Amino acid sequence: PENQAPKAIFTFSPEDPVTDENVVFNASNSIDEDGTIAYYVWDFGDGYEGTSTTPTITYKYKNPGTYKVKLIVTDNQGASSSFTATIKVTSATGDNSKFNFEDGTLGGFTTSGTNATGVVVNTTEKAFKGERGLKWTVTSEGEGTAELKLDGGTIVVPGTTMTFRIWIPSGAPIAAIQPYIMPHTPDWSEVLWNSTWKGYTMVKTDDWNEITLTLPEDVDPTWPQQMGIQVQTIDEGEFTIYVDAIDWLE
């Protein structure tokens, strides 16, 4: 009459915790079909482990990151099963992004445009993470283009996915917006255009938009790079875009 191993499963809340916030892990749908569960053993993925004879446990992560949480459930006869899930923890305060703007600086960012003029300041009015970000005000005179840009030595290695956060307002005279990275030879004889084109109708207005962009792997790693955000304007008008927490790995 061979013993069946118990079934191990858990969920957690909140789905998106911050550092030092309580997460409740709930293994209550775990079950032994032919006996009872004796205990629940948890590995929180950060160096700490814990056990309970009951299916819930609460836990706090001190540092941001992505943790693998492994649950082992053991029945009254010593048979066990495991279930592993991932939890992402973000910083409760501050902003550790590659471009976080928390030092009050422009981070080397400048503006340019044609049939449009941009100004950029470091602001506390809106931020995606931390207390600060960029506030980019564009005055367009009609059909044109405006850039918020960083020149442009070697910003990222080829293959890198960048994440931009952009607060886009409603009722703006814009057709499209696009984060871009533009590698070029030092003398501009060869230029590569990489961008994530978003139409103005395909955008969350009066809200933060998370847009990713990959620099392709086959780009020459020695080429200087311009990274930025480009807006296409379609009519006269003044509008303000917020930019913060531009981030990538390595």
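Numbers follow the displayed sequence, beginning with 1.
Colleague: Please compare 197-205 with 32-40 and say which has the higher mean C-alpha temperature factor in the record.
Modeller: The recorded data point to 197-205.
Colleague: Sorting the chain's CA B-factors, does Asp95 end up in the lowest, middle or highest third?
Modeller: Middle third.
Colleague: State the tercile, meaning the lowest, middle or highest third, of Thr74 with respect to the CA B-factors recorded for its chain.
Modeller: It falls in the bottom third of the chain.
Colleague: Can you tell me which third, lowest, middle or highest, the CA B-factor of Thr84 falls into for its chain?
Modeller: According to the entry, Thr84 has a C-alpha B-factor in the chain's lowest third.
Colleague: Would you mind checking where the Cα B-factor of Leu215 ranks among the modelled residues of its chain, as the lowest, middle or highest third?
Modeller: Middle third - that is where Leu215 ends up once the chain's C-alpha B-factors are sorted.
Colleague: Comparing against every modelled residue in the chain, figure out the third that the C-alpha B-factor of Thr233 lands in (lowest, middle or highest).
Modeller: Its C-alpha B-factor, which the entry lists for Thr233, ranks in the highest third among residues of this chain.
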